[PDB]
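J.: Dropping a structure here in structure tokens format, bear with me for questions.
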Amino acid sequence: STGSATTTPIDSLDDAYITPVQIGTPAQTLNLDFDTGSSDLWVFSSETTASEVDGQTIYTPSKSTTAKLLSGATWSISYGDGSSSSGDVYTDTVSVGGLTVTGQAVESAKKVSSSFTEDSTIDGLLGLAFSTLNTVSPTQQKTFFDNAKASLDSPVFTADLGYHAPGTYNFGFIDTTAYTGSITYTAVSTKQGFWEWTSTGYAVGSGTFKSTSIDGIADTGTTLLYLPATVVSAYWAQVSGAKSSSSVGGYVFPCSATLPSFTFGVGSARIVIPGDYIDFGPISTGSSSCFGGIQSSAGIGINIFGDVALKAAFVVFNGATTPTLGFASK
Ligand SMILES: Nc1ncccc1CO
């Protein structure tokens, strides 16, 4: 089997992407934020505290003839940005782009933090990291991809995120028309439960490539690209007027600037992030200070190849017995 679904930016900055997902019988379609950085599929629901729902579409398990309460199971997740949600668990049929999984754990939110309430466009998250990170207790549950894997034509999914445009998540096949050149594969460590790999270096604009190992994760749930302070300082030093602002929370730059590209290495291959992709717009409405899309990881503990980086590539998440990541230009 295969599946293919369009993913759409939630706003004009590509802050996140939503993909329609069919849950239950008859189908309830919710727009979920496919997340390479977590292993829980959770949804706003008829159980979510009413004051914490503000425009999201909810899953109502009592209206699904295939929903079953997973007795005793609870979940609670705290994400790297300080957001959180928790609740109980149903199993139900979940379909993405024509690919159907029966008995998928659907984690129903009883509580969500303010940033989840304030995003009316995101009805939940569909985790695509390794199932070892799933938070369901006392019996950890499998991700949608893990459940679908055996049925797929090939045990892979691909992320083709658009710049200010829709893109595609495919399951079970590699669309050879969706990228240019060849796909370069690189080793993955699953020891932390993430799609963790090592970039071979970077360049700023037309500058020379610096060969240096940069360990990080391929996280489509992070908006930005978080890299070591040395790398980030070298990037922003090429933008007149750019500075790190403690009050704003990162590097900012004059909105009148033209940003240089940023290149990252994948083995001997190179992925070029155009400068435009690094512009996240005014820090507040009407400001001439703009927020940068490349930021320091120094306070995180891990480097993060988020949407800024991934949207410049066609990315293969290869879930073979020894997982690997593939990157192609497009
Ligand atoms: N990947 C993620 N998923 C959900 C919330 C936050 C992040 C990243 O900070």
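To match Swiss-Prot, the residue numbers of chain A are left as they are there, and the shown ones run 90-419.
Going by what the header records, the deposited coordinates were determined by X-ray crystallography, 1.2 Å.
Each Cβ is built from the backbone N, Cα and C atoms, and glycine gets one as well.
Relevant sequence annotations retrieved from Swiss-Prot are reproduced here:
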- 106-417: domain 'Peptidase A1' (DOMAIN)
- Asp124: active site (ACT_SITE)
- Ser288: active site (ACT_SITE)
- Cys344-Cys379: disulfide bond (DISULFID)
J.: Just to verify: the residue among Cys344, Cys379 with the fewest other Cβ atoms within 10 Å, which of the disulfide-bonded residues is it?
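T.: Sparsest of the disulfide-bonded residues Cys344, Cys379 by Cβ contacts within 10 Å: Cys344.
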J.: Please check the recorded positions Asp124, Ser288, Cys344, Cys379 against ligand 1 and give me the ones with CB under 6 A, sequence order.
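T.: Only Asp124 qualify.
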J.: When you measure from the Cβ of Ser288 (active site), how many other Cβ atoms are you left with inside 10 Å?
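T.: So the Cβ neighbour count for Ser288 (active site) comes to 22.
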J.: Between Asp124 (active site) and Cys344 (disulfide bond), what is the CA-CA distance rounded to a whole number of Å?
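T.: Each residue's Cα considered, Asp124 (active site) and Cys344 (disulfide bond) end up 30 Å apart.
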J.: 10 Å Cβ neighbour count around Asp124 (active site)?
T.: 24
J.: Rounded to an integer, what is the Cα-Cα distance in Å between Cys379 (disulfide bond) and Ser288 (active site)?
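T.: For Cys379 (disulfide bond) versus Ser288 (active site), the Cα atoms are 27 Å apart.
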